[PDB]
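> Model the structure of this input:
(one chain, ligands or ions: 3)
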Amino acid sequence: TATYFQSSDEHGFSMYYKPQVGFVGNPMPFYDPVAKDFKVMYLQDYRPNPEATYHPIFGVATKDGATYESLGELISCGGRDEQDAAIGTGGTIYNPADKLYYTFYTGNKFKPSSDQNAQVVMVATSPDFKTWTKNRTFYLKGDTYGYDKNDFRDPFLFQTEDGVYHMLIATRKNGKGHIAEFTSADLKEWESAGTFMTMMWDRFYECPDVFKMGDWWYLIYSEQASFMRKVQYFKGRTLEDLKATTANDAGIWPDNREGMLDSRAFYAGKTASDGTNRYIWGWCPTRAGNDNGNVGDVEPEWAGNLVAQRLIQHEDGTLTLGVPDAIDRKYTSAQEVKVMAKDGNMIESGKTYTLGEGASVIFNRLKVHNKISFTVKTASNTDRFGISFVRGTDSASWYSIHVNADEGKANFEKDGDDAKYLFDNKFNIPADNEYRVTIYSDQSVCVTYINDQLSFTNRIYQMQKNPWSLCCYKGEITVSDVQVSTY
Ligand SMILES: OC[C@H]1O[C@@](CO)(OC[C@H]2O[C@@](CO)(OC[C@H]3O[C@@](CO)(OC[C@H]4O[C@@](CO)(OC[C@H]5O[C@](O)(CO)[C@@H](O)[C@@H]5O)[C@@H](O)[C@@H]4O)[C@@H](O)[C@@H]3O)[C@@H](O)[C@@H]2O)[C@@H](O)[C@@H]1O
Ligand SMILES: OC[C@H]1O[C@@](CO)(OC[C@H]2O[C@@](CO)(OC[C@H]3O[C@](CO)(OC[C@H]4O[C@@](CO)(OC[C@H]5O[C@](O)(CO)[C@@H](O)[C@@H]5O)[C@@H](O)[C@@H]4O)[C@@H](O)[C@@H]3O)[C@@H](O)[C@@H]2O)[C@@H](O)[C@@H]1O
Ligand SMILES: OC[C@H]1O[C@@](CO)(OC[C@H]2O[C@](O)(CO)[C@@H](O)[C@@H]2O)[C@@H](O)[C@@H]1O
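Numbers count the residues shown, from 1 in each chain. Ligands and ions are numbered 1, 2, ... in the order given. Next comes the structure:
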């Protein structure tokens, strides 16, 4: 049957990682060049969190983004009255001169008085990546260098080719958002190098990441602004080009979509490279009440599952995201695809499904970890189609990704009774009106990829062990090479 079944998530996720207890907050991926793998520290979130002492740094290890190994608690919160009562995002770097990993992080004071610093950067080190010792005498207060007392967080650490260590910190100078730069030769003495970049208008870029890839410098960052809540980027051929993008609010977007790389279900993305590939890790939020259509009024729930994506540099230096090769390989078992139900103008024809304005086709039940591929050809580039999940033959409501070629964007929406728009993901519509679609699922977390242009993370409770559906809202489509694979 293709009746709606009441699926639920396992405590843990193995690919779009979540530990057995708690959720994955802001990650901090780092390629450990001694062990030759990625150590992804992340802020461990719990439901609920302590009031003052929350968000310790746990870690997980992976070579490839598909299989993870948990490392447990690495840097504990401080005491209730310490400056690092709560811990916020930071940045690891290995120092070969003393054979110590250094993790800089945000210490978050509980109930800071007016004079006290809410947010201060602090550090721990480790010889193996297992035992971490806090440096109880190191504090980097923005205040000291003319920056903000309470917004001063998310230290990012990188070494240029000159060998100099740099640290970028999300802050404000008299109201306006600035990314602050500090430099050091030895990771211990730090000097202020002024402002690296301005933040546009009244925006606030959390979790900044700066890296070079081919012949381009990039800034990745997550936008705090309530209406955005998406991972964005800028680019420049030189480091001075990069900085110039936001200078005086110059708005030099890297592409036709403001550099928005995904939508509001992928936040806090930061990157790391193994020499071959550069991946990005963010989190896919939970939803209140496990309700796919409750996406928050101002903001999504903070933290959820870890989501690895792969950076695709195009030849104009523009970036999009696709799947990690190792996640694609994980799906070994082919599954029969078969129509369980039709509606309106819908024709099957050997192994090709043709749908017109208002038509629907529902396929057989998915499994728990799914890969879904298919090619869609539209009539025009004003056509609209839908990829729907948790859609049983008895479901009055369900959740679809709408691809609206007229509006040059995909949307996540609730369909049926109580339909509603939720949010969207601008991408480049194919000229040839062909859409090579690929979707990867671990339980309730999935990413949808089209034509190496779209990368759309979504939280979809109960997509597992439930049917899925294609439809056509406008014009006409033709669906081809439909496959489903599992593990
Ligand atoms: O009241 C505590 C309670 O709130 C949550 C759920 O939102 O956590 C946020 C809480 O975590 C901290 C300490 O680890 O670190 C946050 C790290 O995450 C980043 C990027 O996501 O930003 C914070 C995130 O929080 C919001 C919450 O709505 O922060 C709003 C808050 O930010 C300030 O600017 C000061 O933090 C205030 O102006 C404002 O009232 C959201 O808009 C942001 O995206 C990184 O930037 C950061 O390192 C704290 O900074 C934060 O308060 C629960 O998990 C927890 O139980
Ligand atoms: O209400 C937000 C909703 O808009 C939708 C619904 O249609 O839009 C978000 C969507 O819109 C863009 C389109 O570019 O921009 C959003 C802008 O909102 C803000 C906040 O007000 O813009 C103000 C506006 O003023 C300029 C000056 O010519 O600037 C002055 C500027 O300088 C400062 O003084 C500080 O230096 C600031 O305080 C002032 O704001 C204009 O250029 C500027 O555009 C800006 O932060 C954004 O411009 C998209 O970027 C965004 O995705 C819906 O999605 C939202 O819910
Ligand atoms: O009421 C939602 C309904 O609005 C539309 C109207 O065409 O789109 C979204 C609208 O919001 C932005 O994302 C940013 O302001 C823009 O991309 C766009 O102008 C529909 O698509 C949706 O179905």
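> Excluding chain neighbours, what is closest to the residue in the stretch 51-200 of the chain that ligand 3 sits nearest to?
When scored by CB to the nearest ligand atom, the stretch 51-200 of the chain has residue 200 as its residue closest to ligand 3, at 16.4 Å. Backbone N, C-alpha and C define where each C-beta goes, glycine included. Excluding its sequence neighbours, the residue lying closest to residue 200 (CB to CB, 6 or more residues apart in numbering) is residue 246, at 5.2 Å.
> Could you pull up the residues touching that neighbour?
Neighbour list for residue 246: 197-200, 234, 252 [criterion: CB atoms under 8 Å, 6 or more residues apart in numbering].
> Out of those, which sit inside strands?
Among these, the members falling in strands (DSSP state E) are 197-198, 234.
> From residue 68, how far off is residue 429?
Per CB to CB, to the nearest Å, residue 429 is found 35 Å from residue 68.
> One more: residue 95?
Applying CB to CB, the value for residue 95 to residue 68 is 26 Å.
> Neighbour count: those two, which is higher?
Higher neighbour count among residue 95 and residue 68: residue 68, with 23 against 15, using other CB atoms under 10 Å.
> Quick check: phi and psi at the more buried one.
Main-chain torsions, residue 68, degrees, to the nearest 10: phi -120, psi 160.
> Neighbour-wise, which one of the contacts of residue 246 leads?
Busiest of the contacts of residue 246 [other CB under 10 Å] is residue 234, holding 26 neighbours.
> Where does the stretch 351-487 of the chain get nearest to ligand 1, residue-wise?
Closest residue of the stretch 351-487 of the chain to ligand 1, CB to the nearest ligand atom: residue 457 (15.4 Å).
> and that residue, how many neighbours does it have?
With other CB under 10 Å as criterion, residue 457 counts 29.
> so it makes contact with residue 263?
Yes. The criterion here is CB atoms under 8 Å, and residue 457 meets it with residue 263 at 6.8 Å.
> circling back to that earlier point, what is the most widely separated pair among the contacts of residue 246?
Across the contacts of residue 246, the two members that end up farthest from each other (CB to CB) are 199 and 252, 13.9 Å apart.
> For the protein, what lies in contact range of ligand 3?
Applying CB under 6 Å from any ligand atom, we find that the chain lies next to ligand 3 at 407, 409, 411, 421, 424.
> same thing but 8 Å
Within the chain, the residues that sit near ligand 3 (CB under 8 Å from any ligand atom) are 227, 402, 404, 407, 409, 411, 413, 421, 423-424, 426.
> Buried ones only from those residues, please, as a PyMOL command.
Listed next is the PyMOL selection for buried residues among the residues of the chain next to ligand 3, using 16 or more other CB atoms under 10 Å:
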select buried, resi 402+404+409+411+413+423+424+426
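> Now do stretch 141-155: distance to the chain's middle.
Taking CA atoms, centre = their mean, to the nearest Å, one finds stretch 141-155 lying 26 Å from the centre of the chain it belongs to.
> now check that stretch, is it near ligand 1?
Yes. Stretch 141-155 is in contact with ligand 1 by CB under 8 Å from any ligand atom, via 150-151, 153-154.
> ok, these vs ligand 2, which is closest?
Using CB to the nearest ligand atom, the residues of stretch 141-155 next to ligand 1 come closest to ligand 2 at residue 151, 15.1 Å.
> ok, how many other residues are close to residue 25?
25.
> cool, residue 420 as well?
Counted with other CB under 10 Å, residue 420 comes out at 10.
> Distance check, it against residue 439.
Applying CB to CB to residue 420 and residue 439 gives a distance of 22 Å.
> quick one, strands of the stretch 351-487 of the chain?
Applying DSSP state E, counting those that start in this stretch to the stretch 351-487 of the chain gives strands spanning 352-356, 360-363, 369-378, 384-389, 397-404, 409-416, 420-426, 434-442, 445-450, 454-459, 468-474, 476-486.
> Please save the CA atoms from the shortest one in PDB.
So the one you mean is strand 360-363. Taking Å, rounded to 0.1, in the frame of the first residue of the first chain, the C-alpha atoms of strand 360-363 are listed here in PDB:
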ATOM      1  CA  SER A 360       0.000  13.800  -9.800                       C
ATOM      2  CA  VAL A 361       1.800  10.500  -9.600                       C
ATOM      3  CA  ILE A 362       2.600   8.700  -6.300                       C
ATOM      4  CA  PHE A 363       5.300   6.100  -6.200                       C
END
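> Distance from the chain centre to it, please.
30 Å.
> Which residues of the stretch 251-400 of the chain lie near ligand 2?
Contact residues (CB under 8 Å from any ligand atom) of the stretch 251-400 of the chain with ligand 2: 251, 258, 260.
> May I have the secondary structure class of the closest residue to ligand 2 within the stretch 1-150 of the chain?
Residue nearest to ligand 2 within the stretch 1-150 of the chain: residue 148 (15.2 Å; CB to the nearest ligand atom). Taken by DSSP: H, G, I helix; E, B strand; the rest coil, the conformation at residue 148 corresponds to coil.
> Drop anything exposed from the residues of the stretch 251-400 of the chain next to ligand 2.
258, 260.
> which of the residues of the stretch 251-400 of the chain next to ligand 2 lies closest to residue 84?
The closest of those, once distances to residue 84 are taken by CB to CB, is residue 260, at 32.8 Å.
> can you pull the contacts of the closest one?
Residue 260 sits next to 230-232, 425-426 when contact means CB under 8 Å, 6+ apart.
> where do the helices sit along the stretch 151-300 of the chain?
239-244 (DSSP state H, counting those that start in this stretch).
> Nice, that's everything, thank you.
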